[PDB]
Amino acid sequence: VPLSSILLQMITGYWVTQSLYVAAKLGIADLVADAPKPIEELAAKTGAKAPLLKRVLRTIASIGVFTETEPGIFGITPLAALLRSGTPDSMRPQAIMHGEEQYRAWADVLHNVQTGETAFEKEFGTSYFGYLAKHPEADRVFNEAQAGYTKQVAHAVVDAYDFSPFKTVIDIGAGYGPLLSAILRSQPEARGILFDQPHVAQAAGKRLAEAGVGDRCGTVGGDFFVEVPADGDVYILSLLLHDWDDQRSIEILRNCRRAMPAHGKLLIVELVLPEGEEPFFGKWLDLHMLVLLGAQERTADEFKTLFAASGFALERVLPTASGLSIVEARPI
């Protein structure tokens, strides 16, 4: 395989994103979950032009997403099973999210690199979370995508740290709270507080009650730039600080330090950037955080610098059976 074909496949990655977006957004996987279906039925049920849908499905089937079981009849595959709606490991929200506003923001990453102006803010006229707070459907998609990402790695975080000492667990910017839920499931003596923006914390609470897992979890709606809940034994910032530049991260951390009792601990759960040139998903997420939020992933030394500015000291960086690390800090 010539180098030119390797590079061409890289350059054309956007085709894959959008072709999978089409299949995800139309909900094809749900329609073929029981048995393969003819193209005309799939088109009719999804509101697509049959010959055009056929072309999209043939193309992604060639990389293992759906399969043409007989001419004009399409079935599910292992990769397409992840695009079903409402299943425990669904990645449908992720496929949807990456084909919409985030795709468009990324059209201007060059301008962002040249000027420092956050690409999403240029494209849509306000901050990422400010935008989502105005658009409930996009908000739902983001929160479900984010929760699906974290749900899949939560077990690895729980296997990597002893949570026994903590009876009150405060998750700051918890989203829909899959990691908090996993911690509570594993520690039957613990109670949790799921802290987020009011609209997110309200929806998270209903999701917990629905799933019947909110007995020892309460929700609090607030603003971590103003204050966070007091008296927790551990404060968890999971996939949170990489949303914020240094100035804003320091603000969050100082509010955590204010609220925390002196016996409390701080846990940062994130894709800590390694040394060297090996492949790492966090190197790519780092650029996504640039485009959307004007933020970044960080090295251990960068966290140390944030901690010194916020009244914390790094205790240790614990690895996990995922890309994530736990950065443990103590109040000083």
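Residue positions are given as counts along the sequence shown, with the first one as 1.
For the two regions 95 to 103 and 176 to 184, the entry's Cα B-factors average higher over 176 to 184. Higher mean CA B-factor, judged across 321 to 329 and 1 to 9 from the recorded values: 321 to 329. Remark: of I252, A209, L239, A80, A209 shows the highest value [criterion: C-alpha B-factor in the PDB entry]. For the set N143, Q114, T126, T87, the maximum C-alpha B-factor listed in the entry falls on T126. Among the modelled residues of its chain, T118 has a C-alpha B-factor that falls in the lowest third according to the deposited record. In the deposited entry, the Cα temperature factor of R298 places it in the middle third of its chain's modelled residues. Compared with the other modelled residues of the chain, the Cα B-factor recorded for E40 ranks in the middle third. In the deposited entry, the Cα temperature factor of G282 sits in the middle third of values across the chain's modelled residues.
Ranked by C-alpha B-factor against the other modelled residues of its chain, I268 falls in the middle third.
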